[PDB]
Amino acid sequence: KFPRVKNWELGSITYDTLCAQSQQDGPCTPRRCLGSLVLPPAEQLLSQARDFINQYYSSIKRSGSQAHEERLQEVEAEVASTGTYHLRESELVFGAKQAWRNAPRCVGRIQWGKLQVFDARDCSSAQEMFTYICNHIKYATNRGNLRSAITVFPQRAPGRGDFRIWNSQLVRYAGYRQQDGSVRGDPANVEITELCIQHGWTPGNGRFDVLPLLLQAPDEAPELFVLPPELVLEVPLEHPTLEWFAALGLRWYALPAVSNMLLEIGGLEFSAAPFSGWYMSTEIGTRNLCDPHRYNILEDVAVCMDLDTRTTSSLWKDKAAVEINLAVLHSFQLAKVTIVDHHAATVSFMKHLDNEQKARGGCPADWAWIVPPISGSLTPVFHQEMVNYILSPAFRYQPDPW
Amino acid sequence: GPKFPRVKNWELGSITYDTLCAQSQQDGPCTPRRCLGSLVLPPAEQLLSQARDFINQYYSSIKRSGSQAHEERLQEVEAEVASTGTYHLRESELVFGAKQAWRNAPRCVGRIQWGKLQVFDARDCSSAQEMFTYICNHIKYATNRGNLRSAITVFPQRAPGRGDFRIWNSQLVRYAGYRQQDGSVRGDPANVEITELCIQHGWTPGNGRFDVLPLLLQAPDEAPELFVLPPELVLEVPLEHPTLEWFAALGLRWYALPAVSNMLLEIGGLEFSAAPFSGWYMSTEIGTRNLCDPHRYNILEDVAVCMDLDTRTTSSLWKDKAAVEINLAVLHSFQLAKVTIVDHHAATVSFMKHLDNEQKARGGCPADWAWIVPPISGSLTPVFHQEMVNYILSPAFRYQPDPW
Ligand code: HEM
Ligand code: HEM
Ligand SMILES: Cc1cc(N)nc(C[C@@H]2CNC[C@@H]2OCCN[C@@H]2C[C@H]2c2cccc(Cl)c2)c1
Ligand SMILES: Cc1cc(N)nc(C[C@@H]2CNC[C@@H]2OCCN[C@@H]2C[C@H]2c2cccc(Cl)c2)c1
Ligand SMILES: C[C@H](O)[C@H](O)[C@H]1CNc2nc(N)[nH]c(=O)c2N1
Ligand SMILES: C[C@H](O)[C@H](O)[C@H]1CNc2nc(N)[nH]c(=O)c2N1
Ligand SMILES: [Zn+2]
């Protein structure tokens, strides 16, 4: 019933009892594990709502109190009459923090309790979405001293289309498909880049052109808004000892801000609820810059370092990947922008596992996403068994709206 | 596509569907409520059905399915189990089965080599002394003076009410771990327990960081007996670095032959409790796990100090730079000594080819993502971007609880 969870570096054992509170099935069966896949009525809404109100009142130590009983009554009265209901701002706040807490793929969960929640449920136009988005960015960025934040737009409603941000992140770089099928800029964004142009954006021709936002209010065509350049904090990349590196013209933006995920609380769904923390450096250094279907710079750097490229066993890839990561950390530290390296992040994550063992008897965790993409077994999370499962409130992936 | 898992490669965009998982006859540890994919360790009725299935497998593989010889073999297996409670494999069935157990092993990145396995049949073995002889022969053949050859030696199967053949060591070649005065370990902390066992059965211990352990070999219903391997049989590689001249001065070394000895090989419900097998190393196992794991030789900090790195802060990436150079030293040194080794890039490229071969041959390939992705430079290798489906096929290698 309750799985045994062993750390292989230390010999210690815990039992995860939290996984019994999971009420949604994941992709695995006893026949086959699918853990490595990235994407494998009123009475039901009513029990999800009840369960969530139960979680909220218990979080403020007021289970069973008058306020608790009466709030369950309001929920039932609203659902019975209308087929839906609405959260109080205090509940939205709690539910957002909890969705972060519950997110198995996030290594930054030590911070879960410290989240600025902007309530944007009074948004009625793409124009007003844009203003709220600009304020989020400004607040979150904070001149380099990054602060976690989420802005929550109006929930899904049975009668109509969703509020949606077409971009997968608030800040991403354009990818321009070229005459010969090569790409200038970020290959991951060729499509969204092509949508912006078709909606009348004038494109740059750089490797690092910040995309405009395509914002959609219900049942409307999306609308194009250019972010004012001074709101978008960026970090030029240079290397502590390798002088030519700065001349690569490389850079990355300060604010990692995910804008394509659906936030589910109490059975209510928030299709537009962008959120942001700060980067762990290996995502820029290793994945964005070195993935072969991304900026793919490993080979260029290796040659700059005069390494022997002809053979895999000179470990030229590993060597360049390391320097690129070092350059990311150095450059962020120099521009005084918050960032965490994979060693510090994974150590904080182990502390989080321990806090959650005590607080709730387990912590859902996706080993393949937690373990960084370089130096896996050099971090303590490599040696740590993890149980993965879905708790609610939750963040969920949603496919591109086009 | 159909009702079978969709499997995507995020680097290339390509898609396949795993249909082989349909053939899985054994439950793993995951359920719809929770994934346990990351845990290391999670009778006449039964035997005959497992045997029938394996015999069907063997006959498919020789293209004689439904034939007279197929039906006759099935009838011979039922009759054997009918009067003895067990049955015995033909020589060629054993060879097929041992290859298929390797092919089926989800944690092995070396499976491109699966069809090329020397299978030594040692089902006649009747003493610990004879196991020692067979093992020495395996080591000589497999090592082949540095030009390593995949091989497995299969000792007699488990029998009704008679003790097992067991190799107590987890590998044929491992270094001792000596528990010290101050609670620190000299040698390999992984082997502290087996070392104390060898001392208790009469071994005179050394006191180095790299003393080869003797073998503790158990024949049916006997205490294990101790056998020291002649040192000329155990090929080792002293470690040096191509540009950092002081690295050789560290006196680090590793052995050439990775030879696992505590796994159970299961074939058609028959259980081979002693069946040690060997390949060649993927370098990151020595360079990263054996030498840098905090709970193993743990040398990262010493090497970073020699490299003059800032070990007082995580953001210098001193761990990452040191691990890269140790991995490089391992590759260079093996290449110098002319001992077969494969780097994590070449291994993972070759496993991607294997996945494509098996997609065509069998419609999928059971694979354990957490084990296949290497412990340094994960996303620099193609396997990081490849979804994998994990399930248990038989014939299989199963982990065995230590006999002590
Ligand atoms: C405060 C600093 C934070 C750090 C250092 C951090 C770290 C990370 C990392 C490295 C990932 C994997 C990224 C990838 O490979 O795509 C991730 C995933 C994720 N994080 Fe965080 N995180 C932070 C804050 C937040 C916040 C504020 C939230 C939500 C309120 C959040 C929710 C999530 C979710 C839902 C995922 C999975 C995203 C997906 O499926 O694409 N994290 N985190
Ligand atoms: C031919 C060269 C080979 C290479 C490069 C190779 C590579 C590897 C590696 C790197 C591992 C993970 C080891 C660990 O982290 O503990 C492994 C596991 C494994 N391989 Fe291979 N392998 C080879 C040959 C073999 C052979 C000949 C067999 C059996 C016939 C085999 C069966 C296995 C099994 C059963 C495991 C899992 C062991 C465990 O769970 O502890 N492999 N392989
Ligand atoms: C198909 C698909 C499914 C899912 N679940 N995620 C994705 C997004 C895929 C999954 N890894 C790459 C791509 O995301 C890049 C964005 N990463 C977040 C910026 C980093 C981040 C870092 C620190 C804090 C925060 Cl809040 C966020 C795609
Ligand atoms: C509790 C436990 C369970 C399992 N399944 N395996 C182990 C052994 C644990 C799991 N990873 C570390 C430890 O093995 C180190 C030795 N690995 C074999 C040398 C490598 C190898 C390499 C190439 C070819 C071959 Cl035939 C074999 C322990
Ligand atoms: C196929 C595999 O699951 C996929 O490449 C995952 C692996 N681990 C990851 N880990 C993080 N943090 N982010 C990712 O995008 C991925 N990709
Ligand atoms: C907890 C985790 O499953 C464990 O440390 C695994 C991860 N991946 C591994 N992969 C390989 N090849 N060998 C191992 O020993 C491990 N250890
Ligand atoms: Zn699973």
# chains A, B, ... in the order shown; residues from 1 in each chain; ligands from 1
>>> interface_residues(of="chain B", to="chain A", cutoff="8 Å", atoms="only C-alpha atoms", output="number ranges by chain")
B: 6-8, 11-12, 21, 24-40, 288-289, 292-295, 314-317, 319-321, 324, 328, 331, 343, 345-346, 369-370, 374-380, 387-392
>>> residues_around(residues="residue B:265", least_positions_apart="6", cutoff="7 Å", atoms="only C-alpha atoms", output="tab-separated table (two decimals) with N, CA, C and O atoms, in the first residue's frame")
chain	number	residue	atom	x	y	z
B	271	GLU	N	15.35	-21.66	-13.00
B	271	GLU	CA	16.09	-20.60	-12.31
B	271	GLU	C	17.58	-20.91	-12.19
B	271	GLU	O	17.96	-21.88	-11.56
B	272	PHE	N	18.42	-20.12	-12.86
B	272	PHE	CA	19.87	-20.27	-12.79
B	272	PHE	C	20.45	-19.23	-11.81
B	272	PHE	O	20.66	-18.07	-12.14
B	273	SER	N	20.67	-19.69	-10.58
B	273	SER	CA	21.00	-18.85	-9.45
B	273	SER	C	22.47	-18.43	-9.50
B	273	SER	O	22.88	-17.44	-8.89
B	275	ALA	N	25.05	-17.61	-12.63
B	275	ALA	CA	25.22	-17.49	-14.08
B	275	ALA	C	25.92	-16.17	-14.39
B	275	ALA	O	25.29	-15.24	-14.93
B	396	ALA	N	14.73	-13.42	-18.34
B	396	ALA	CA	15.16	-12.21	-17.62
B	396	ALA	C	16.29	-12.48	-16.66
B	396	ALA	O	16.52	-13.62	-16.24
B	397	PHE	N	17.00	-11.42	-16.31
B	397	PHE	CA	17.93	-11.38	-15.20
B	397	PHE	C	17.21	-10.69	-14.04
B	397	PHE	O	16.60	-9.65	-14.22
B	398	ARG	N	17.22	-11.33	-12.86
B	398	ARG	CA	16.55	-10.79	-11.68
B	398	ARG	C	17.57	-10.61	-10.60
B	398	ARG	O	18.49	-11.43	-10.45
>>> residues_near_ligand(ligand="ligand 3", cutoff="8 Å", atoms="only C-alpha atoms and all ligand atoms", output="ChimeraX atom specification")
/A:38-39,106,108,148,168-169,256-258,275-280,283,287,396-399
>>> write_last_selection(atoms="N, CA and C atoms", output="PDB file, in the first residue's frame")
ATOM      1  N   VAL A  38       6.754  12.624 -21.598  1.00  0.00           N
ATOM      2  CA  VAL A  38       6.577  14.023 -21.263  1.00  0.00           C
ATOM      3  C   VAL A  38       5.097  14.343 -21.133  1.00  0.00           C
ATOM      4  N   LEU A  39       4.316  13.736 -22.016  1.00  0.00           N
ATOM      5  CA  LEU A  39       2.878  13.958 -22.167  1.00  0.00           C
ATOM      6  C   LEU A  39       2.215  12.633 -22.494  1.00  0.00           C
ATOM      7  N   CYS A 106       9.077  20.057 -10.443  1.00  0.00           N
ATOM      8  CA  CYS A 106       9.715  21.310 -10.018  1.00  0.00           C
ATOM      9  C   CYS A 106      10.715  21.108  -8.887  1.00  0.00           C
ATOM     10  N   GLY A 108      12.417  23.533  -7.562  1.00  0.00           N
ATOM     11  CA  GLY A 108      12.437  24.745  -6.734  1.00  0.00           C
ATOM     12  C   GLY A 108      11.399  24.825  -5.616  1.00  0.00           C
ATOM     13  N   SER A 148       9.134  35.275  -6.905  1.00  0.00           N
ATOM     14  CA  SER A 148       8.119  34.379  -7.471  1.00  0.00           C
ATOM     15  C   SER A 148       6.739  35.024  -7.542  1.00  0.00           C
ATOM     16  N   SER A 168       4.231  30.133 -24.951  1.00  0.00           N
ATOM     17  CA  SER A 168       4.495  29.161 -23.880  1.00  0.00           C
ATOM     18  C   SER A 168       5.241  29.817 -22.717  1.00  0.00           C
ATOM     19  N   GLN A 169       5.971  30.896 -22.981  1.00  0.00           N
ATOM     20  CA  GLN A 169       6.557  31.699 -21.910  1.00  0.00           C
ATOM     21  C   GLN A 169       6.325  33.161 -22.240  1.00  0.00           C
ATOM     22  N   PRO A 256      12.231  33.545 -16.138  1.00  0.00           N
ATOM     23  CA  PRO A 256      11.579  32.385 -16.713  1.00  0.00           C
ATOM     24  C   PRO A 256      10.102  32.414 -16.317  1.00  0.00           C
ATOM     25  N   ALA A 257       9.191  32.548 -17.268  1.00  0.00           N
ATOM     26  CA  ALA A 257       7.784  32.735 -16.898  1.00  0.00           C
ATOM     27  C   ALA A 257       6.824  31.914 -17.749  1.00  0.00           C
ATOM     28  N   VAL A 258       6.376  30.798 -17.196  1.00  0.00           N
ATOM     29  CA  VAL A 258       5.578  29.813 -17.922  1.00  0.00           C
ATOM     30  C   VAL A 258       4.125  30.290 -18.024  1.00  0.00           C
ATOM     31  N   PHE A 275       3.134  32.059 -14.562  1.00  0.00           N
ATOM     32  CA  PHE A 275       3.880  32.116 -13.328  1.00  0.00           C
ATOM     33  C   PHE A 275       5.376  32.187 -13.574  1.00  0.00           C
ATOM     34  N   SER A 276       6.104  32.624 -12.551  1.00  0.00           N
ATOM     35  CA  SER A 276       7.544  32.827 -12.699  1.00  0.00           C
ATOM     36  C   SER A 276       8.283  32.712 -11.359  1.00  0.00           C
ATOM     37  N   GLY A 277       9.461  32.085 -11.393  1.00  0.00           N
ATOM     38  CA  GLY A 277      10.388  32.068 -10.261  1.00  0.00           C
ATOM     39  C   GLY A 277      11.692  32.692 -10.737  1.00  0.00           C
ATOM     40  N   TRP A 278      12.782  31.924 -10.634  1.00  0.00           N
ATOM     41  CA  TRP A 278      14.080  32.312 -11.243  1.00  0.00           C
ATOM     42  C   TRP A 278      14.732  31.062 -11.869  1.00  0.00           C
ATOM     43  N   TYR A 279      15.718  31.248 -12.741  1.00  0.00           N
ATOM     44  CA  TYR A 279      16.297  30.112 -13.441  1.00  0.00           C
ATOM     45  C   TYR A 279      17.190  29.289 -12.541  1.00  0.00           C
ATOM     46  N   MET A 280      17.171  27.994 -12.777  1.00  0.00           N
ATOM     47  CA  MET A 280      18.324  27.157 -12.462  1.00  0.00           C
ATOM     48  C   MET A 280      19.195  27.185 -13.704  1.00  0.00           C
ATOM     49  N   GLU A 283      19.357  25.027 -17.128  1.00  0.00           N
ATOM     50  CA  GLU A 283      18.320  25.052 -18.148  1.00  0.00           C
ATOM     51  C   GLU A 283      18.778  25.965 -19.318  1.00  0.00           C
ATOM     52  N   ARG A 287      20.429  23.093 -21.739  1.00  0.00           N
ATOM     53  CA  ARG A 287      19.260  22.770 -22.580  1.00  0.00           C
ATOM     54  C   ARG A 287      19.032  23.799 -23.662  1.00  0.00           C
ATOM     55  N   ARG A 396      -1.455  21.757 -14.963  1.00  0.00           N
ATOM     56  CA  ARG A 396      -1.540  20.764 -16.036  1.00  0.00           C
ATOM     57  C   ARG A 396      -1.083  21.365 -17.358  1.00  0.00           C
ATOM     58  N   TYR A 397      -0.396  20.547 -18.156  1.00  0.00           N
ATOM     59  CA  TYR A 397      -0.049  20.942 -19.497  1.00  0.00           C
ATOM     60  C   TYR A 397      -1.294  21.139 -20.379  1.00  0.00           C
ATOM     61  N   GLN A 398      -1.271  22.140 -21.248  1.00  0.00           N
ATOM     62  CA  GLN A 398      -2.338  22.244 -22.224  1.00  0.00           C
ATOM     63  C   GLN A 398      -1.758  22.502 -23.615  1.00  0.00           C
ATOM     64  N   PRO A 399      -2.324  21.807 -24.607  1.00  0.00           N
ATOM     65  CA  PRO A 399      -1.773  21.917 -25.955  1.00  0.00           C
ATOM     66  C   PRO A 399      -1.993  23.329 -26.527  1.00  0.00           C
TER      67      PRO A 399
END
>>> closest_atom_pairs(of="chain B", to="ligand 2", cutoff="7 Å", atoms="only C-alpha atoms and all ligand atoms", output="JSON lines")
{"residue": "B:98", "atom": "CA", "partner": "ligand 2", "partner_atom_place_in_ligand_line": "30 (C)", "distance": 6.7}
{"residue": "B:99", "atom": "CA", "partner": "ligand 2", "partner_atom_place_in_ligand_line": "30 (C)", "distance": 6.4}
{"residue": "B:102", "atom": "CA", "partner": "ligand 2", "partner_atom_place_in_ligand_line": "30 (C)", "distance": 4.6}
{"residue": "B:105", "atom": "CA", "partner": "ligand 2", "partner_atom_place_in_ligand_line": "35 (C)", "distance": 5.4}
{"residue": "B:107", "atom": "CA", "partner": "ligand 2", "partner_atom_place_in_ligand_line": "37 (C)", "distance": 5.1}
{"residue": "B:108", "atom": "CA", "partner": "ligand 2", "partner_atom_place_in_ligand_line": "43 (N)", "distance": 3.8}
{"residue": "B:109", "atom": "CA", "partner": "ligand 2", "partner_atom_place_in_ligand_line": "7 (C)", "distance": 4.9}
{"residue": "B:110", "atom": "CA", "partner": "ligand 2", "partner_atom_place_in_ligand_line": "4 (C)", "distance": 3.8}
{"residue": "B:111", "atom": "CA", "partner": "ligand 2", "partner_atom_place_in_ligand_line": "22 (N)", "distance": 6.6}
{"residue": "B:113", "atom": "CA", "partner": "ligand 2", "partner_atom_place_in_ligand_line": "1 (C)", "distance": 5.5}
{"residue": "B:117", "atom": "CA", "partner": "ligand 2", "partner_atom_place_in_ligand_line": "27 (C)", "distance": 6.3}
{"residue": "B:150", "atom": "CA", "partner": "ligand 2", "partner_atom_place_in_ligand_line": "27 (C)", "distance": 4.8}
{"residue": "B:151", "atom": "CA", "partner": "ligand 2", "partner_atom_place_in_ligand_line": "27 (C)", "distance": 5.7}
{"residue": "B:152", "atom": "CA", "partner": "ligand 2", "partner_atom_place_in_ligand_line": "30 (C)", "distance": 6.0}
{"residue": "B:277", "atom": "CA", "partner": "ligand 2", "partner_atom_place_in_ligand_line": "29 (C)", "distance": 5.3}
{"residue": "B:278", "atom": "CA", "partner": "ligand 2", "partner_atom_place_in_ligand_line": "27 (C)", "distance": 4.9}
{"residue": "B:279", "atom": "CA", "partner": "ligand 2", "partner_atom_place_in_ligand_line": "2 (C)", "distance": 3.9}
{"residue": "B:280", "atom": "CA", "partner": "ligand 2", "partner_atom_place_in_ligand_line": "2 (C)", "distance": 4.6}
{"residue": "B:281", "atom": "CA", "partner": "ligand 2", "partner_atom_place_in_ligand_line": "5 (C)", "distance": 5.2}
{"residue": "B:282", "atom": "CA", "partner": "ligand 2", "partner_atom_place_in_ligand_line": "5 (C)", "distance": 4.9}
{"residue": "B:285", "atom": "CA", "partner": "ligand 2", "partner_atom_place_in_ligand_line": "15 (O)", "distance": 6.2}
{"residue": "B:342", "atom": "CA", "partner": "ligand 2", "partner_atom_place_in_ligand_line": "5 (C)", "distance": 6.4}
{"residue": "B:347", "atom": "CA", "partner": "ligand 2", "partner_atom_place_in_ligand_line": "5 (C)", "distance": 6.6}
{"residue": "B:371", "atom": "CA", "partner": "ligand 2", "partner_atom_place_in_ligand_line": "12 (C)", "distance": 6.4}
{"residue": "B:397", "atom": "CA", "partner": "ligand 2", "partner_atom_place_in_ligand_line": "35 (C)", "distance": 5.2}
{"residue": "B:399", "atom": "CA", "partner": "ligand 2", "partner_atom_place_in_ligand_line": "40 (O)", "distance": 6.5}
>>> residues_around(residues="stretch 216-220 of chain B", least_positions_apart="6", cutoff="10 Å", atoms="only C-alpha atoms", output="PyMOL selection string")
chain B and resi 125-132+156+158-159+162-169+172+194+197-198+201+226-228+274+403
>>> write_last_selection(atoms="C-alpha atoms", output="PDB file, in the first residue's frame")
ATOM      1  CA  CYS B 125      29.378 -28.449 -12.500  1.00  0.00           C
ATOM      2  CA  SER B 126      29.321 -30.412  -9.253  1.00  0.00           C
ATOM      3  CA  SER B 127      31.660 -28.677  -6.788  1.00  0.00           C
ATOM      4  CA  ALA B 128      32.935 -25.267  -5.650  1.00  0.00           C
ATOM      5  CA  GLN B 129      36.415 -26.168  -6.921  1.00  0.00           C
ATOM      6  CA  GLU B 130      34.878 -26.820 -10.366  1.00  0.00           C
ATOM      7  CA  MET B 131      32.967 -23.493 -10.250  1.00  0.00           C
ATOM      8  CA  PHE B 132      36.310 -21.847  -9.579  1.00  0.00           C
ATOM      9  CA  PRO B 156      23.171 -25.828 -12.722  1.00  0.00           C
ATOM     10  CA  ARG B 158      17.674 -24.581  -8.805  1.00  0.00           C
ATOM     11  CA  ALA B 159      16.333 -28.038  -8.014  1.00  0.00           C
ATOM     12  CA  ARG B 162      18.424 -29.157  -2.880  1.00  0.00           C
ATOM     13  CA  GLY B 163      20.560 -26.049  -2.236  1.00  0.00           C
ATOM     14  CA  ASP B 164      21.515 -23.471  -4.886  1.00  0.00           C
ATOM     15  CA  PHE B 165      24.805 -22.794  -6.623  1.00  0.00           C
ATOM     16  CA  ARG B 166      25.738 -19.248  -5.606  1.00  0.00           C
ATOM     17  CA  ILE B 167      28.553 -16.850  -6.147  1.00  0.00           C
ATOM     18  CA  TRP B 168      28.534 -14.728  -2.959  1.00  0.00           C
ATOM     19  CA  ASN B 169      30.475 -11.850  -4.625  1.00  0.00           C
ATOM     20  CA  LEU B 172      33.863 -11.575 -10.136  1.00  0.00           C
ATOM     21  CA  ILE B 194      31.799  -9.035   1.706  1.00  0.00           C
ATOM     22  CA  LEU B 197      32.903 -12.238   5.226  1.00  0.00           C
ATOM     23  CA  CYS B 198      36.056 -13.254   3.385  1.00  0.00           C
ATOM     24  CA  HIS B 201      36.138 -17.684   6.066  1.00  0.00           C
ATOM     25  CA  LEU B 226      37.154 -19.291  -0.566  1.00  0.00           C
ATOM     26  CA  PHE B 227      39.185 -18.993  -3.776  1.00  0.00           C
ATOM     27  CA  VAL B 228      41.810 -16.349  -4.516  1.00  0.00           C
ATOM     28  CA  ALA B 274      24.630 -18.808 -10.522  1.00  0.00           C
ATOM     29  CA  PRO B 403      22.819 -15.356   0.460  1.00  0.00           C
TER      30      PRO B 403
END
>>> select_by_dssp(residues="stretch 152-211 of chain B", states="strand (DSSP E)", output="PDB file with N, CA, C and O atoms, in the first residue's frame")
ATOM      1  N   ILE B 152      28.887 -15.352 -20.790  1.00  0.00           N
ATOM      2  CA  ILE B 152      28.145 -15.747 -19.614  1.00  0.00           C
ATOM      3  C   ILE B 152      28.471 -17.224 -19.384  1.00  0.00           C
ATOM      4  O   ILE B 152      28.649 -17.992 -20.354  1.00  0.00           O
ATOM      5  N   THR B 153      28.555 -17.624 -18.116  1.00  0.00           N
ATOM      6  CA  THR B 153      28.765 -19.014 -17.781  1.00  0.00           C
ATOM      7  C   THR B 153      27.543 -19.462 -16.977  1.00  0.00           C
ATOM      8  O   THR B 153      27.196 -18.809 -16.017  1.00  0.00           O
ATOM      9  N   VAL B 154      26.906 -20.566 -17.360  1.00  0.00           N
ATOM     10  CA  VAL B 154      25.649 -20.963 -16.704  1.00  0.00           C
ATOM     11  C   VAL B 154      25.820 -22.248 -15.879  1.00  0.00           C
ATOM     12  O   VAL B 154      26.041 -23.333 -16.440  1.00  0.00           O
ATOM     13  N   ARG B 166      25.688 -20.685  -5.791  1.00  0.00           N
ATOM     14  CA  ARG B 166      25.738 -19.248  -5.606  1.00  0.00           C
ATOM     15  C   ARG B 166      27.152 -18.721  -5.595  1.00  0.00           C
ATOM     16  O   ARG B 166      28.029 -19.266  -4.946  1.00  0.00           O
ATOM     17  N   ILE B 167      27.361 -17.645  -6.321  1.00  0.00           N
ATOM     18  CA  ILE B 167      28.553 -16.850  -6.147  1.00  0.00           C
ATOM     19  C   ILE B 167      28.136 -15.763  -5.120  1.00  0.00           C
ATOM     20  O   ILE B 167      27.190 -15.012  -5.348  1.00  0.00           O
ATOM     21  N   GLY B 177      37.117  -3.465   0.995  1.00  0.00           N
ATOM     22  CA  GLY B 177      36.815  -2.280   1.768  1.00  0.00           C
ATOM     23  C   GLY B 177      37.076  -2.635   3.212  1.00  0.00           C
ATOM     24  O   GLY B 177      36.425  -3.541   3.755  1.00  0.00           O
ATOM     25  N   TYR B 178      38.041  -1.949   3.817  1.00  0.00           N
ATOM     26  CA  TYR B 178      38.473  -2.257   5.156  1.00  0.00           C
ATOM     27  C   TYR B 178      38.010  -1.167   6.122  1.00  0.00           C
ATOM     28  O   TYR B 178      38.449  -0.005   6.038  1.00  0.00           O
ATOM     29  N   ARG B 179      37.130  -1.561   7.039  1.00  0.00           N
ATOM     30  CA  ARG B 179      36.606  -0.653   8.052  1.00  0.00           C
ATOM     31  C   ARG B 179      37.749  -0.234   9.005  1.00  0.00           C
ATOM     32  O   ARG B 179      38.417  -1.099   9.554  1.00  0.00           O
ATOM     33  N   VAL B 185      36.700   4.224   5.768  1.00  0.00           N
ATOM     34  CA  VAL B 185      36.974   2.977   5.081  1.00  0.00           C
ATOM     35  C   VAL B 185      38.191   3.142   4.179  1.00  0.00           C
ATOM     36  O   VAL B 185      38.304   4.133   3.470  1.00  0.00           O
ATOM     37  N   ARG B 186      39.111   2.189   4.231  1.00  0.00           N
ATOM     38  CA  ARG B 186      40.145   2.107   3.215  1.00  0.00           C
ATOM     39  C   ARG B 186      39.691   1.126   2.104  1.00  0.00           C
ATOM     40  O   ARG B 186      39.274  -0.011   2.387  1.00  0.00           O
ATOM     41  N   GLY B 187      39.770   1.587   0.848  1.00  0.00           N
ATOM     42  CA  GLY B 187      39.293   0.828  -0.304  1.00  0.00           C
ATOM     43  C   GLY B 187      37.871   1.220  -0.654  1.00  0.00           C
ATOM     44  O   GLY B 187      37.510   2.388  -0.538  1.00  0.00           O
TER      45      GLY B 187
END
>>> closest_residue(among="A:186, A:300, A:223, A:306", to="residue A:127", atoms="only C-alpha atoms")
A:223
>>> closest_residue(among="B:402, B:368, B:93, B:188", to="ligand 7", atoms="only C-alpha atoms and all ligand atoms")
B:368
